[PDB]
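First comes the structure, then the notes that go with it.
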Amino acid sequence: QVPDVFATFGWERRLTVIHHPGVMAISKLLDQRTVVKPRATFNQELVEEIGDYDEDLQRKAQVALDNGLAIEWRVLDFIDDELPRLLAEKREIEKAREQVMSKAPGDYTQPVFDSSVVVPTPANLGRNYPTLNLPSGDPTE
Amino acid sequence: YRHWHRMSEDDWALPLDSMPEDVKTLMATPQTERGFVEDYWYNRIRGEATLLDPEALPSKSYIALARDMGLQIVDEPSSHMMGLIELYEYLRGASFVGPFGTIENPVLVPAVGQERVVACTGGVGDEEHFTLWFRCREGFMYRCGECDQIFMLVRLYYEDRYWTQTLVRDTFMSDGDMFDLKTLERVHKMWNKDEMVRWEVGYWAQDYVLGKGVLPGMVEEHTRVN
Amino acid sequence: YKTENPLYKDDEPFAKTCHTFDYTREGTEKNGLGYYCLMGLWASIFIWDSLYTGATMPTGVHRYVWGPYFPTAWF
Amino acid sequence: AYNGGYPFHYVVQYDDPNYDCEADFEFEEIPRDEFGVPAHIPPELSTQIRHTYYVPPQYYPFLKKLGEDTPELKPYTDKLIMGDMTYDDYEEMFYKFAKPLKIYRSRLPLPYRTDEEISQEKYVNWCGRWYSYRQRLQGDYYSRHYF
Amino acid sequence: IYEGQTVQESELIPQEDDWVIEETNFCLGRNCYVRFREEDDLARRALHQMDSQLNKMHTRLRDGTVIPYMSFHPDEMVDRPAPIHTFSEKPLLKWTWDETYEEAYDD
Amino acid sequence: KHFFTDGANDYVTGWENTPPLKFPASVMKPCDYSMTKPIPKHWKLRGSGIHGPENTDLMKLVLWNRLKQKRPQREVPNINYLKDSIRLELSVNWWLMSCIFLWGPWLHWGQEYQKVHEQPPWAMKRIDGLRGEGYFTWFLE
Amino acid sequence: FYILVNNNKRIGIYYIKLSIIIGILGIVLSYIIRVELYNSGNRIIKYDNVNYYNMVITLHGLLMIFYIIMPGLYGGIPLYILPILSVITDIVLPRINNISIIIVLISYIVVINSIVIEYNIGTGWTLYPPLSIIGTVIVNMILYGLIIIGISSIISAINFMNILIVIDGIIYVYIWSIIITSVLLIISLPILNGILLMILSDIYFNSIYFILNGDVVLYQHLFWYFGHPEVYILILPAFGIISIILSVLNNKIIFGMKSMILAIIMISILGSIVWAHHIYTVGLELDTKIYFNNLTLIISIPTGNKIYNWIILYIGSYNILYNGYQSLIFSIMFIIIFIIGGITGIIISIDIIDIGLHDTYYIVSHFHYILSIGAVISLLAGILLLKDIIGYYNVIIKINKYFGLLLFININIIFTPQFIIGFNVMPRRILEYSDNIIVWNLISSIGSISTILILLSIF
Amino acid sequence: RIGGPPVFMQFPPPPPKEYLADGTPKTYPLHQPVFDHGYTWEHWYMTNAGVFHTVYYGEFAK
Ligand code: HEA
Ligand code: HEA
Ligand SMILES: CCCCCCCC/C=C/CCCCCCCC(=O)OC[C@H](COP(=O)(O)OCCN)OC(=O)CCCCCCC/C=C/CCCCCCCC
Ligand SMILES: CCCCCCCCCCCCCCCC(=O)OC[C@H](COP(=O)(O)O)OC(=O)CCCCCCCCCCCCCCC
Ligand SMILES: [O-][O-]
Ligand SMILES: [Cu+2]
Ligand SMILES: [K+]
Ligand SMILES: [Zn+2]
């Protein structure tokens with residue numbers, strides 16, 4: 001049985017409605033921008049259009065598309081080095097999804113997977129990526 | 001509502017510099033004794049501590065989960081009050097149109113004081129008459145002299161106070177088990193390690209429990225120039 | 001997956017409710033042929049009035065085959 | 001469909017941890033959006049790219065529990081587990097489970113009226129109808145006389 | 001044009017043969033200039049004035065409902081003399097329609 | 001559009017009378033209960049019955065009109081909207097081009113002709129013996 | 001505080017208070033005029049000081065129109081009840097409301113100071129050039145007052161128009177009356193300012209608009225393009241008051257509310273296009289004269305509809321209610337008096353009749369019956385209705401049948417004889433006259449002294 | 001709106017009443033004179049008290 005809850009929005013001018021406790025928990029969880037991350041999936045049509053604005057991103061996006069990776073943009077800038085981990089991460093997430101989905105109702109045990117390759121997780125909280133917004137060419141050449 | 005202006009940035013979240021620096025006392029203060037800012041950060045710290053602990057969520061009941069996030073389980077008393085509050089607010093910048101009032105179901109006229117000016121326009125169509133203004137005072141079942149439409153005043157009053165979302169939450173919500181600071185530390189180490197902070201609120205909160213300036217980079221975070 | 005560039009999507013329709021906005025039958029969306037006929041006549045009157053400056057002062061001498069009561073004797 | 005599609009409030013991200021858009025006057029840093037799209041990729045193109053929310057796998061058992069307890073919520077939770085939930089899908093889930101506040105007339109205190117007075121309600125209504133009947137007839141009578 | 005509320009003959013049928021039209025006086029009473037006591041100070045004379053408002057008066061009918069002092073315009077609804085701040089709570093003009101929604105009812 | 005209109009060009013608050021068409025009717029629909037079937041007599045009025053937030057559709061309209069103010073990306077409008085937004089700006093710019101490349105050339109030609117023949121090229125040469133350029137707009141003579 | 005107050009109801013009281021004060025100066029000037037006109041000869045003004053009489057009539061007209069009746073019916077009652085009728089907390093523009101009343105007072109001080117310090121000469125309240133532009137500095141001062149007054153009028157009009165954005169109830173007929181007057185001001189004032197600036201240019205900047213080859217009749221067009229809309233800006237608020245009083249006191253809902261509203265709108269549009277009935281004797285073209293005469297007679301239609309809708313409001317009212325209240329008597333007296341003024345207006349509207357009756361005391365009596373009797377009584381009736389709400393005391397007016405009767409009788413003794421001398425004929429704006437017009441002038445003068453005495457009995 | 005101008009506030013109690021040293025209640029200026037003369041007439045008028053009510057308004061000679 002799921003109880004109803006009051007959900008309020010606004011700081012000084014507050015609007016109260018009734019809502020689902022689980023839906024509110026998901027809403028706040030997705031607000032943890034550092035933990036839950038949006039990831040991009042590409043198609044060949046859109047990868048080609050990217051080249052019209054950033055040639056380097058087109059090449060890196062093509063690699064992600066060829067491997068069918070849902071990848072964060074920040075990671076995409078380092079796909080050359082992160083590719084082996086990303087492929088391993090893809091496998092582990094798929095294993096976990098399958099295990100949880102196939103489990104019988106009422107079975108809420110944690111999935112068995114290698115969390116060390118999945119980011120962001122306690123086992124691997126990620127890397128300190130250096131900014132790549134640095135010119136490396138001499139205008140006089 | 002249509003009468004409200006645009007959401008502020010604060011309407012979504014508060015800056016971490018508004019977090020009370022005495023977190024140890026904040027997590028021990030009763031709800032009735034917490035101010036607006038203190039109550040915001042009590043709920044956010046405790047709510048995010050439970051949400052950022054995935055292994056414990058499936059075994060946590062909705063009653064306990066709602067308490068941790070600071071959400072009030074609804075009941076007929078609180079629903080009635082909240083509903084009449086939102087109806088009062090809506091009528092601030094909206095028209096007052098509804099079914100014809102009778103003795104069984106009088107027109108409900110919400111008010112904070114003991115009186116509110118009301119006009120009767122009669123029924124629908126040819127039964128509509130010119131506006132007849134009257135002062136609706138509490139404790140009397142008013143009858144329009146023209147169409148016999150029954151009116152009644154409803155007062156948003158509770159124990160020397162009017163009805164507010166804060167009042168409803170204080171009167172009906174019950175503080176649960178006292179928040180344990182060990183949970184804050186445990187979750188802090190879970191998402192914050194080796195210069196990576198994936199729970200910024202828990203890094204600041206743990207720093208304050210430690211005394212302010214203890215965790216790496218926090219002295220530099222607290223040093224301002226103006 | 002397949003997508004559509006938002007810049008070339010069609011305008012969203014008005015919602016269908018008790019209070020529905022409809023401009024289809026007004027015919028005020030754009031200038032019609034009649035307006036362009038007014039412009040053409042204005043150009044014509046402008047040129048005519050200048051080319052033929054004796055038109056307002058016509059000749060009262062009239063022959064009119066089939067007399068004056070025949071339809072082609074009124075234009 | 002409001003403000004030309006520009007959100008009143010939106011998230012911006014910066015690669016350099018010590019970057020300040022107000023203090024610095026450099027010309028190389030490119031801001032990103034909430035999904036991480038660099039600013040040099042136009043909106044028309046980035047909005048076509050499909051972005052889905054990825055929660056850590058340790059949350060899958062919790063998201064599964066939510067679906068089972070509320071079967072109407074299961075399809076949305078399944079999308080989230082499978083990494084198929086976009087922002088639009090989240091919005092649909094959010095507004096689908098929002099309910100209006102309820103007011104109970106049985107809880108309203110009533111103006112004081114004695115039991116003797118309560119038994120005269122039909123009589124007072126009867127008087128009111130006869131007053132309306134007499135009013136309406138007099139209108140015709142007076143209109144004829146004065147005009 | 002307005003010609004009163006419509007009446008069906010069924011609504012004009014009495015429940016007793018002795019029913020007649022209630023003879024309740026709608027003259028509020030005898031009044032004059034509001035008379036302040038000398039002893040009362042400015043604050044207590046304000047209370048006196050607030051207790052002499054005709055627009056706060058009504059007539060109670062045989063069934064306990066009261067017909068209030070009513071006016072065509074809201075000018076007669078403020079305290080007399082007019083206070084500095086009158087309509088703090090927005091006066092509500094009640095419109096009537098036949099529309100209804102299911103959420104308001106319970107079976 | 002430039003001018004603010006509460007009903008149509010409401011950019012100050014962003015209020016919209018109806019929800020987005022993208023939303024399924026089961027998720028959100030315009031607030032219209034004019035077609036509600038007659039209430040059974042055995043049903044009893046619990047709520048006020050007053051038009052307001054007790055109605056689900058109106059509540060969702062208020063909620064969305066406040067929670068729509070934060071969005072991850074822009075809702076790109078179509079080119080028709082964009083053209084209308086700056087219709088006056090573009091038209092004035094083309095008017096400037098016309099004044100430079102159409103009005104400019106023939107006005108210069110007229111003055112140069114006037115220098116030699118005393119009157120503009122679109123005027124009737126006088127024989128009265130009066131001196132000077134005379135009128136310029138010949139059709140207002 | 002007193003001067004700093006922004007309360008819309010306090011400012012409304014200020015407008016009425018200032019109208020009565022300035023009104024004392026207005027009435028005094030009227031007494032001077034009537035005393036002088038008691039016989040032929042010089043009575044209180046020397047023949048060498050005839051310029052003072054010209055100034056007296058000029059200031060009388062200007063003050064009563066712009067500083068008394070307009071501030072009283074468009075500034076006083078409106079600022080006090082309009083925000084209440086609109087079920088709104090206060091007026092939309094608080095700070096603008098404060099400055100408007102201060103502006104009116106400052107322009108009044110300038111005018112009266114110009115009496116004391118400048119040479120006293122007059123050119124009528126219509127300031128016709130070239131006479132207005134060949135005068136002394138007192139004319140310059142009067143122009144500054146009018147322009148300053150214009151600023152207050154326009155900003156007050158802006159204030160009332162903003163009520164449409166905030167009104168939380170129904171736009172009652174009275175609210176419609178003020179809104180339309182505000183529209184009439186927004187459209188007419190800018191034209192007045194322009195022509196006044198041209199008067200200044202000729203007075204102070206060596207301009208030549210009102211010297212030969214420049215048409216002096218131009219001024220009359222632009223002036224009266226504001227002039228006649230002004231007479232309806234002064235009467236329409238009075239109509240709005242009459243509607244409220246009759247409905248409230250008779251306990252009868254307004255009949256034909258929409259026709260009342262649409263009659264007010266109609267009067268405004270028509271009143272904006274009939275101005276040249278003030279210029280019939282200049283020598284305008286035949287077709288122009290016929291247009292203006294035709295449209296002027298049309299104004300009677302909407303004005304007539306309102307009168308008959310008022311009559312049915314009083315008809316049929318309960319007999320038990322006491323009908324001797326001063327407010328009710330004044331409201332009824334307005335209908336009786338306004339019909340007289342309007343009918344005479346229709347008579348003068350015929351241009352051929354107007355040739356005989358232009359610049360005669362028939363015109364005086366015509367606009368006095370509407371303003372000096374009708375508008376004054378309407379303002380009194382409105383204030384009297386709001387006596388409890390306003391809260392003033394120390395007067396015996398609310399129930400005073402003697403005051404109403406004496407006022408009605410004596411006011412008619414003043415202006416009814418002025419209709420007669422219009423066919424005698426006695427020109428306007430004169431002080432000396434032929435000995436065979438003394439009788440009627442004497443009767444009217446006896447009426448003026450008597451009315452003043454009755455003003456003392458109220459206290 | 002939290003912390004905005006309240007829609008309604010209760011009046012604070014009036015200031016303490018003042019007595020004279022002998023206990024007589026202290027009286028304050030009052031502009032409601034009792035004129036001295038021999039007239040004692042009382043005139044009553046039925047008055048509009050809204051739409052459905054009246055009030056019997058009396059004027060006293062004193
Ligand atoms: C508020 C003041 C006010 C009002 C309401 C009017 C209203 C009218 N006035 Fe005006 N008038 C003035 C104030 C006013 N006037 C002033 C101050 C001057 C002189 C200024 C100066 O020269 O210095 C003046 C001057 C003036 C003249 C100039 C005469 C002259 O210069 O020689 C004329 C002539 O056209 C005129 C006509 C009218 C008309 C036709 C109406 C109409 O509004 C009258 C409409 C009313 C009725 C007609 C009666 C009610 C209607 C009926 C009973 C319906 C049945 C009647 C008929 C079918 C006809 N007025
Ligand atoms: C509304 C404006 C108004 C008012 C009230 C009056 C009132 C009076 N007027 Fe009027 N008069 C004009 C406007 C007005 N007049 C104009 C515009 C002219 C033409 C100017 C010109 O020729 O250039 C004129 C001209 C004029 C002349 C012509 C002089 C001439 O040019 O030859 C004469 C004398 O015959 C005269 C006499 C009177 C008298 C005796 C009264 C009254 O005294 C009659 C008695 C009535 C009262 C004494 C009550 C008045 C009370 C108030 C106004 C205060 C109201 C305030 C509140 C209710 C708060 N007036
Ligand atoms: C096989 C097909 C080939 C077709 C070829 C078509 C050729 C058409 C050539 C058109 C040339 C027009 C030239 C106009 C020159 C005007 C110069 C001029 O007046 O300059 C001054 C004048 C301002 O003078 P003021 O002293 O200020 O006096 C006026 C205001 N007081 O300046 C201007 O007007 C500025 C604008 C100059 C516009 C010049 C336009 C040139 C157009 C060239 C078109 C070529 C088309 C070729 C088509 C090829 C197709 C195969
Ligand atoms: C205050 C002054 C304002 C300015 C001056 C106003 C002048 C009068 C008002 C004009 C307003 C026009 C606005 C534009 C409307 C428009 O284009 O309107 C356009 C409409 C057509 O509408 P569509 O765009 O829908 O087709 O034009 C027509 O209805 C006419 C169609 C063409 C007809 C051609 C033949 C005409 C023959 C005329 C013969 C006349 C003989 C006269 C003998 C005495
Ligand atoms: O002026 O009529
Ligand atoms: Cu006129
Ligand atoms: K004399
Ligand atoms: Zn009713």
Side-chain angles (χ1 to χ4, degrees), chain B residues 135, chain E residues 25-58 69 71 75-84 86, chain G residues 9-10 12-13 16-17 20 77 80-81 84 245 248-249 320-330 380-404 455-459, chain H residues 14 25-50 53-62:
Chain B
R135 293 224 268 182
Chain E
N25 197 345
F26 272 61
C27 188
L28 297 168
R30 311 176 89 98
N31 76 323
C32 50
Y33 300 118
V34 181
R35 294 188 199 277
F36 299 115
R37 284 136 40 109
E38 299 169 40
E39 290 78 12
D40 290 359
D41 72 317
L42 187 66
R44 286 167 180 80
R45 290 187 193 181
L47 293 174
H48 190 282
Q49 187 67 19
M50 276 145 58
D51 286 322
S52 65
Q53 298 292 321
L54 300 184
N55 55 19
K56 286 181 176 179
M57 287 173 208
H58 56 66
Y69 189 118
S71 66
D75 292 0
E76 299 185 0
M77 292 295 100
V78 302
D79 294 73
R80 303 168 189 173
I84 296 186
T86 57
Chain G
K9 292 193 295 301
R10 179 79 76 85
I13 294 176
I16 296 168
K17 283 175 67 180
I20 289 167
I77 299 176
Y80 196 99
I81 69 179
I84 306 178
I245 294 174
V248 167
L249 299 186
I320 191 172
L321 300 175
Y322 181 71
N323 66 338
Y325 274 97
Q326 199 71 290
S327 61
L328 185 61
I329 291 171
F330 281 161
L380 288 156
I383 291 159
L384 283 162
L385 181 84
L386 306 168
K387 184 171 186 298
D388 290 357
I389 305 178
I390 296 173
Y392 61 89
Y393 55 90
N394 290 327
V395 285
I396 306 171
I397 184 72
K398 189 174 82 265
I399 305 178
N400 189 345
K401 297 203 304 182
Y402 297 100
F403 179 78
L455 298 181
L456 301 170
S457 57
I458 63 98
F459 154 59
Chain H
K26 189 259 196 79
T27 52
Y28 305 84
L30 179 58
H31 300 303
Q32 291 181 355
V34 179
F35 292 94
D36 51 355
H37 50 42
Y39 304 112
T40 61
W41 51 258
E42 304 174 358
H43 298 345
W44 299 92
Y45 311 92
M46 264 283 194
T47 319
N48 292 268
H53 298 78
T54 60
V55 70
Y56 208 40
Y57 178 82
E59 291 193 355
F60 303 85
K62 300 312 196 97

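Letters A, B, ... mirror the listed sequences (proteins, then strands); counts begin at 1.
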Item checked: Qualifying residues under side chain to side chain contact (heavy atoms under 4.5 Å, CB included), relative to E/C32, sequence neighbours excluded -> E/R35, H/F60
Checklist line | Least distance between heavy atoms, G/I84 atom then E/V78 atom | finding: CG2-CG1, 4.1 Å
Checklist line | side chain to side chain donor-acceptor pair (under 3.5 Å) involving G/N400 - partner list, sequence neighbours excluded | finding: none
Notebook entry, point to check: Which residues pass the ring pair (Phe, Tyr, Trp, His ring centres under 6.0 Å) test with G/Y322, sequence neighbours left out?
Noted result: G/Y325, H/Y45
Item checked: Residue pair H/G50 / E/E76: nearest heavy atoms and the distance that separates them -> CA-OE1, 4.1 Å
Notebook entry, point to check: If you take all heavy atoms of G/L321 and G/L249, which pair is closest and at what distance?
Noted result: CD1-O, 4.0 Å
Next item on the list: Show your reasoning for whether side-chain contact (heavy atoms from CB on, under 4.5 Å) applies to G/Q326 and G/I399.
Entry: CA-CA 6 Å; G/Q326 199 71 290; G/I399 305 178; over 6 Å; no
Checklist line | Contact list for residues 40-49 of chain E, test salt bridge (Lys or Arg N to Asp or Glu O under 4.0 Å), sequence neighbours left out | finding: E/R37-E/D40, E/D41-E/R44
Checklist line | side chain to side chain donor-acceptor pair (under 3.5 Å): pairs with one or both residues in residues 27-40 of chain H, sequence neighbours excluded | finding: H/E18-H/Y28
Let me have the donor-acceptor pairs involving side chains of residues 380-396 of chain G, under 3.5 Å, with sequence neighbours excluded, atom names and distances please.
residue	atom	partner	partner atom	Å
G/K387	NZ	G/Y392	O	3.2
G/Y392	OH	G/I383	O	3.1

Note to self: Once side chain to side chain donor-acceptor pair (under 3.5 Å) is applied, do any residues pair with G/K398, and if so which ones, sequence neighbours excluded?
What the structure shows: H/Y57
Notebook entry, point to check: Mind checking what makes side chain to side chain donor-acceptor pair (under 3.5 Å) contact with E/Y69, not counting sequence neighbours?
Noted result: E/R80
Notebook entry, point to check: Can you name the side chain to side chain donor-acceptor pair (under 3.5 Å) partners of E/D79, sequence neighbours left out?
Noted result: B/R135
Margin query: List the residues meeting ring pair (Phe, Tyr, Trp, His ring centres under 6.0 Å) with E/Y33, not counting sequence neighbours, and say none if there are none.
Written below: none
